[PDB]
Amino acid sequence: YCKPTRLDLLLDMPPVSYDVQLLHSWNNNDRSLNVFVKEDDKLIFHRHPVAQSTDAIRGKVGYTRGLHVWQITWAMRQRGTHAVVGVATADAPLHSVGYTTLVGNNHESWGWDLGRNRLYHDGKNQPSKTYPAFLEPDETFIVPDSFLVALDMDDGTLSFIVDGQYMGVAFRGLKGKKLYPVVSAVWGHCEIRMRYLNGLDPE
């Protein structure tokens, strides 16, 4: 549960400008059509209040190498029954009927369910895993409104940092892919912000 040195270095760097944030923000050309990027606030998408629907959207950049960190802000009261945060390849589906853990439900996505404290990957075929891993079985862990996602494409891992605490590696095995930030949501009018902070090339 100790931050890697490379991550400590990145987290120390001043964060990138809004102009650069916009290069990595939510892609309005790579979404469920039941969400949209807000015109006046392009770091944020809005989900239309569609019943029995789960909807996702990918960030503009798919990372293949280096360490990358971004910030998610997702207000507790706008999470509903299935608030999932992670990464996906370009082939991951961005919608399902019903309310589900869309991100992590297939071989193309890896998600942390913020309400369940559970990780999903190929979730129709594999069991979910408790995260953070230190939680005893019935134990509650409240994810705050904002937290960080760390994708290390060189090591091939996804981890999370919550209120400055490294929560451990969530997923492994990601080397050689091209992975995009993604969230799946079920709450009507939820607005979810993603802010890219920095990246560090390999070496």
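Numbering starts at 1 and runs along the sequence shown.
Hey, which bit's got the bigger mean C-alpha B factor in the entry, 128 to 136 or 105 to 113? Taking the mean B-factor of the alpha carbons in each, 128 to 136 is higher.
Comparing 184 to 192 with 21 to 29, which stretch shows the greater average C-alpha B-factor in the deposited entry? Averaging CA B-factors over each stretch, the winner is 21 to 29.
Between 90, 72, 84, 75, which one tops the list for Cα B-factor in this entry? Max CA B-factor in the entry, restricted to 90, 72, 84, 75: 90.
Highest recorded C-alpha temperature factor, please, choosing from 41, 145, 155, 55. Reading the PDB entry, the winner on C-alpha B-factor is 155.
Going by the CA temperature factor in the PDB record, which third of the chain does residue 172 belong to: lowest, middle or highest? Middle third of the chain for residue 172's C-alpha B-factor.
Ranking the modelled residues of this chain by C-alpha B-factor as given in the entry, is residue 10 in the lowest, middle or highest third? Residue 10: CA B-factor falls in the highest third of its chain.
Lowest, middle or highest third: where is residue 63 by C-alpha B factor in its chain? Highest third.
Could you place residue 160 in the lowest, middle or highest third of its chain by Cα temperature factor, using the values in the record? Its C-alpha B-factor belongs to the lowest third of this chain's values.
Per the entry's values, where does residue 166 land by CA temperature factor relative to the rest of its chain, in the lowest, middle or highest third? According to the entry, residue 166 has a C-alpha B-factor in the chain's lowest third.
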